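Q: this one's a deposited entry, sequence included:
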Amino acid sequence: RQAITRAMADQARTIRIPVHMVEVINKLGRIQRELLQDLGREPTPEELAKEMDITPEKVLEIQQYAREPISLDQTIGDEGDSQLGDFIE
DNA sequence: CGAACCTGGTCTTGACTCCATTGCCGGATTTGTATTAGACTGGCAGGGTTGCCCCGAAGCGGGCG
């Protein structure tokens, strides 16, 4: 389980993210899931920073780092002839 | 016509001074590797549609008897 989790931390993302940032991102996701099931709504980021013993700007930095990239090979418009990369100035 | 002066770039020197360039050192943070001893031991997209090409039974006609 150690080697499988380490390989999932290494190779499962497009841009590479180190192990401790992956750990705190998964911690943030688990705590947000628990607070969503408990409170019933989406938690405030200051409440998340209160829960995770860190600062809300660090919470915002982690939420910025967690954003996976989107692909350029889908169809934006109704017709499939228009790919996504043909509307980027 | 001769002397004194004003002001033109022209150029040196002495002093100031100011800010980049390393450089060291101490600490903070950031990333990478090793380690956790009860037992645990073979999964899941997925099919459906359309069209065309390649091999097998089968008449079957010609060689065979």
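A: Sure, I can see it. Residues are numbered from 1 along each chain as shown, chains lettered A, B, ... in the order given.
Q: C-alpha only now, for contacts and for neighbours.
A: Fine.
Q: quick one: the closest residue to DNA strand B within chain A and residue A:11, what's the gap?
A: Going by C-alpha to the nearest atom of the strand, DNA strand B is nearest to residue A:18 of chain A, at 4.3 Å. Counting by C-alpha to C-alpha, to the nearest Å, the separation of residue A:18 from residue A:11 is 10 Å.
Q: and the top helix by length along chain A, what's buried?
A: Longest helix in chain A by number of residues (criterion: DSSP state H): helix A:19-39. Going by neighbour count (16 or more other C-alpha atoms under 10 Å), the buried part of helix A:19-39 is A:22, A:25, A:28, A:31, A:32, A:35.
Q: biggest separation within these, which pair?
A: Spanning the widest gap among the buried residues of helix A:19-39 are A:22 and A:35, at 19.9 Å by C-alpha to C-alpha.
Q: wait, what's in contact with the most centrally placed residue in chain A?
A: Compute the mean C-alpha point of chain A, and by C-alpha atoms, centre = their mean the closest residue is residue A:66, 3.0 Å away. By C-alpha atoms under 8 Å, 6 or more residues apart in numbering, the residues touching residue A:66 are residue A:25.
Q: where does residue A:75 fall, phi/psi-wise?
A: Phi and psi for residue A:75, reported as degrees, to the nearest 10, are phi -100, psi 120.
Q: show me the beta-bridge partners of it.
A: Using DSSP bridges, the beta-bridge partners of residue A:75 come out as residue A:83.
Q: against residue A:89, how distant is it?
A: 17 Å.
Q: looking at those two, which is more packed in?
A: Set side by side, residue A:75 and residue A:89 show more neighbours around residue A:75, with 14 against 4, by other C-alpha atoms under 10 Å.
Q: the more buried one reaches residue A:85, doesn't it?
A: No - Residue A:75 is not in contact with residue A:85 according to C-alpha atoms under 8 Å; the separation is 9.2 Å.
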